[PDB]
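Q: Need a 3D model of the sequence below.
(chains A, B, C, D and E, ligands or ions: 2)
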Amino acid sequence: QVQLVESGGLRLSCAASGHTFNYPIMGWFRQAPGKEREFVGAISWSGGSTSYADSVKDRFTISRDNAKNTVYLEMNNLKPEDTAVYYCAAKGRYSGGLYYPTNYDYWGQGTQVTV
Amino acid sequence: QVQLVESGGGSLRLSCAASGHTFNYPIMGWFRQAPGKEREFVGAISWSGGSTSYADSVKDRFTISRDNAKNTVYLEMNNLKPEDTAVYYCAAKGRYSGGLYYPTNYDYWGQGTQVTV
Amino acid sequence: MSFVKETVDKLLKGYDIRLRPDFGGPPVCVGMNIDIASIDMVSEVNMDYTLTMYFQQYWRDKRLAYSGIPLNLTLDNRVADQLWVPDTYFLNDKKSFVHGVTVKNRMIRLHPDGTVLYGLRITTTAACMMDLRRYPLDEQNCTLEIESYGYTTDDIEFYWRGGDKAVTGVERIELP
Amino acid sequence: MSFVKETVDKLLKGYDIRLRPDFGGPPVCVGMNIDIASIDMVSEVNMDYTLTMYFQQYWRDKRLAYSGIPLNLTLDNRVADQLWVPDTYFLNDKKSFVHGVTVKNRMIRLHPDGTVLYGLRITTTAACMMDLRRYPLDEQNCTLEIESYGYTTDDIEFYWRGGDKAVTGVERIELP
Amino acid sequence: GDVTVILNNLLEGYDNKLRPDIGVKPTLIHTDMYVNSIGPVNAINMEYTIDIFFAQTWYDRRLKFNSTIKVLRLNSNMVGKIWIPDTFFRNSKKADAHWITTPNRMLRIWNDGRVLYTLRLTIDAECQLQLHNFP
Ligand SMILES: *[C@@H]1O[C@H](CO)[C@@H](O[C@@H]2O[C@H](CO)[C@@H](O[C@@H]3O[C@H](CO[C@H]4O[C@H](CO[C@H]5O[C@H](CO)[C@@H](O)[C@H](O)[C@@H]5O)[C@@H](O)[C@H](O[C@H]5O[C@H](CO)[C@@H](O)[C@H](O)[C@@H]5O)[C@@H]4O)[C@@H](O)[C@H](O[C@H]4O[C@H](CO)[C@@H](O)[C@H](O)[C@@H]4O)[C@@H]3O)[C@H](O)[C@H]2NC(C)=O)[C@H](O)[C@H]1NC(C)=O
Ligand SMILES: *[C@@H]1O[C@H](CO)[C@@H](O[C@@H]2O[C@H](CO)[C@@H](O)[C@H](O)[C@H]2NC(C)=O)[C@H](O)[C@H]1NC(C)=O
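A: Residues are numbered from 1 along each chain as shown, chains lettered A, B, ... in the order given. Ligands and ions are numbered 1, 2, ... in the order given. Please find the structure below.
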């Protein structure tokens, strides 16, 4: 039982409430109109390890904090192709790869960003 | 090196005491030989004195107890029969020796006390 | 339906298990992938750490190339006993094994281009040093060292398949 | 070399590994001696002790008698699987094994009079009941009991080879 | 390149139960050892751990093959068919030979007759200590 509420117009934030320990790895996906969800990045429970897609390498970064809002996404060097709705998502401990959205459960409410 | 001394002999109470390396010979038992008959098993008891085992022919009318502060085994008798007349012997057996019912597995024997009823 | 049996039999027929792929040719290229599961224990006293992982080895052998069924045939684990595999081993493994419940955790998948993708579920207590001169204010560097036993670079070549994405599962790790 | 190989083949040809030497007849006498390499652990909490030894057994099998070869054939250890051996076991043992590095630590030697020598390097955790009523002013009796499992005195007989000098290496043991 | 015929011809007249020079002379063996690491020295159990790459070279005059290739490596399934020495570590208490991903052992035979057998081992030997002057 995890509820994700994310904000962002730039620093996107995601707050996970509930049994967050059972869903350690959490990440960000993107989707534009007429397109399918695509993996943006992922952060683990410890916070000392990260994962980013090649298309968003060196530009977007992800960080973890204590307390409730433990997922922050920093956006740099925006491009017109980046116009999309970004979804926060959480995954269980023993699950498949991060890149595939169907492995995720308890999806968040997508925040729309238009460059 | 254990030496056994048997005492005693309707209601009787024999007391076989042991002296020496008793720990080397914990499983201590009682046999009886009727005159002109072969030796037969009567009872056995362990080191802790709580694992008694009696032959079927002498069950429900015998009891065996043990004490280690004074190293002794007491054989307490009950309602007897004329066949019970015999020389009763007390023997000791070492751990990892063999079965209880056979006398050859017992090393140190007692002198034997005569009982007649 | 039945034709696959004769296909795999003909693939097995003629194979020399004692001979590497392209014995007289250039060295065989073997890519490797490591999907980490967890690192449960890290003992400073024993100077080691237990690591569980999925070890994939991918190599191109021409002797096992089939045709007429482009589906990638995934065979049972027992076929690993009747095929050539690299002699890859870990230098630091103090004590290691392959999980064997319900059956031996092993897989082979012969793609139609002749290549083979060996897979193993391996636990290993790799030996690591820990400089405790700054303990508990210290930072450790622990390495698993993969190496061939007998074959030289002229016979077998090791490389990380997928470049920097060869190891996938580091984020899944967590320690107290 | 050809003569020795043919002689060994003749000895192992038509041989049954399932009848004791002199099956119908007097019991086979097995002479045994031990060399105590070390006594490592003596645990009072578990009431046992670990003991490493070079167990050695000698018997006489007329089926393995050869002539014309003036030397004692020390055969490869695996031939022990192809020959009859006693079913000796340690009665007061809790766990034991035979060392297997670099190979199985086992010895088979066939003398030309049928006398077979069989050796094993064995580590045993033998039970040793203790009386810690006078601890630490105590003197224990630890023991190792050796016995045939299936056969009885009418078939197999045991004796210490060399009398009191059968067991060696006890003097060199340095317990802590 | 006709290696299979050579391999199966080497094992035809072979007998693994008889050492080289069974009734001629002792079989000379040359030993090599590379001490990778000397594990922890357990002062309580009076033991130490060592990891070594142990290689043994000898001459077997029934494994001669005359061919252009002057060296053949045998898989781990054939090392149990050639006569290997029965060397063992006298003071070992618990020795192990590693097994994954393949049996970590090697056997190489040259055309002249030389045989090299290489193995990796983690021995736990005994080092009975005289601790009268500790530390
Ligand atoms: C640590 O503690 C342990 C605690 O158990 C202790 O163990 C005992 O150790 C003593 C020695 O110190 C053992 O005693 C001896 O037993 C010998 C074997 O006895 C048997 O065999 C007798 C016949 O001999 C034949 O035995 C076999 C048969 O196949 C074979 O070797 C030959 O054929 C041989 O001829 C047999 O008579 C005997 O029978 C017992 O009971 C019958 C009646 O049932 C009785 O008639 C016998 O007298 C005997 O009590 C038994 O079956 C034995 O040979 C040996 O004898 C010596 O003593 C005689 C005098 O009795 C001398 O003449 C002779 O020259 C020898 O010196 C001796 O009696 C004892 O058995 C151990 N306990 C157990 C349970 O096994 C350890 O010693 C302790 N050690 C330390 C270092 O502390
Ligand atoms: C068998 O497996 C191979 C290996 O992945 C498949 O080939 C590829 O599929 C991936 C994933 O869609 C593509 O990115 C590659 O471009 C494909 N080609 C190659 C050469 O890798 C193949 O399709 C599979 N065929 C089956 C299962 O029938």
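Q: what's whatever residue of chain E ends up closest to chain B in contact with, if anything?
A: Closest to chain B within chain E is residue E:93: 26.2 Å, counting by CB to the nearest CB. Placement of C-beta: from N, CA and C, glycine included. If you count contacts by CB atoms under 8 Å, 6 or more residues apart in numbering or on different chains, residue E:93 has them with D:38, D:40, D:52, D:123, E:47, E:124, E:125, E:126.
Q: Generate a ChimeraX selection restricted to the buried subset of those.
A: Buried members of the contacts of residue E:93 can be picked out in ChimeraX with the line below, counting by 16 or more other CB atoms under 10 Å in any protein chain shown:
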select /D:38,40,52,123 /E:47,124,126
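Q: Redo the contacts of residue E:93 as CSV? Include distance to chain C.
A: Supplementary listing: these in CSV, determined by distance: CB to the nearest CB, whole Å:
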residue, distance to chain C
D:38, 23
D:40, 20
D:52, 21
D:123, 19
E:47, 14
E:124, 11
E:125, 16
E:126, 19
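Q: Counting only strands, which of the contacts of residue E:93 make the cut?
A: Among these, the ones falling in strands (DSSP state E) are D:38, D:40, D:52, D:123, E:47, E:124, E:125, E:126.
Q: Number of residues surrounding the closest residue to the second one other than its chain neighbours?
A: This points to residue D:40. Nearest-residue entry for residue D:40: residue D:50, 4.6 Å, with adjacent residues in sequence omitted and distances by CB to CB, 6 or more residues apart in numbering or on different chains. Applying other CB atoms under 10 Å in any protein chain shown, we find 18 other residues in the vicinity of residue D:50.
Q: Provide the backbone phi and psi angles at residue D:50.
A: Main-chain torsions, residue D:50, degrees, to the nearest 10: phi -100, psi 140.
Q: looking at the sheet around it, what are its partners?
A: Going by DSSP bridges, residue D:50 is paired in beta bridges with residue D:125.
Q: count of residues packed around residue C:129?
A: Other residues close to residue C:129 by other CB under 10 Å number 13.
Q: Tell me both backbone torsions, phi and psi, for it.
A: In this entry, residue C:129 is assigned phi and psi values of phi -80, psi 150 (degrees, to the nearest 10).
Q: what do you get for the one 3 residues further on?
A: Taking degrees, to the nearest 10, you get phi -90, psi 20 for the backbone angles of residue C:132.
Q: and it, what does it touch?
A: Under the criterion of CB under 8 Å, 6+ apart, the neighbours of residue C:132 are C:44, C:138.
Q: now swap in residue E:28 and tell me
A: For residue E:28, the contact set (CB under 8 Å, 6+ apart) comprises E:58, E:59.
Q: Now do the SS call for it.
A: In the three-state summary, residue E:28 is assigned as coil, counting by DSSP: H, G, I helix; E, B strand; the rest coil.
Q: How about residue C:5?
A: Residue C:5 is classified as helix under three-state DSSP.
Q: Run a quick neighbour tally on it.
A: 9.
Q: try residue C:170
A: By the other CB under 10 Å criterion, the neighbourhood of residue C:170 contains 13 residues.
Q: again with residue A:16
A: Neighbours of residue A:16 under the rule other CB under 10 Å: 21.
Q: Bridged to it, which residues?
A: The bridge-partner assignment for residue A:16, based on DSSP bridges, gives residue A:4.
Q: Surely it is in contact with residue A:68?
A: Yes - proximity of residue A:16 to residue A:68 meets the contact threshold set by CB atoms under 8 Å, at 7.0 Å.
Q: Double-check that residue C:78 belongs to a helix.
A: Yes - under the criterion used here (three-state DSSP), residue C:78 sits inside a helix.
Q: From ligand 2, how far off is it?
A: 22 Å (CB to the nearest ligand atom, to the nearest Å).
Q: Which parts of the chain are helices?
A: Reading this off chain A. Taking DSSP state H as the criterion, chain A carries no helices.
Q: think we crossed wires, I meant chain E
A: Using DSSP H, the helices found in chain E span residues E:3-10.
Q: For it, list the residue farthest from the centre, please.
A: No residue in chain E sits farther from the centre than residue E:133, which is 39.0 Å out by CA atoms, centre = their mean.
Q: quick one on the thing from earlier: if we only consider the ones in strands among the contacts of residue E:93, which is nearest to residue C:71?
A: For residue C:71, the nearest member of these is residue E:124. The distance, counting by CB to CB, is 49.8 Å.
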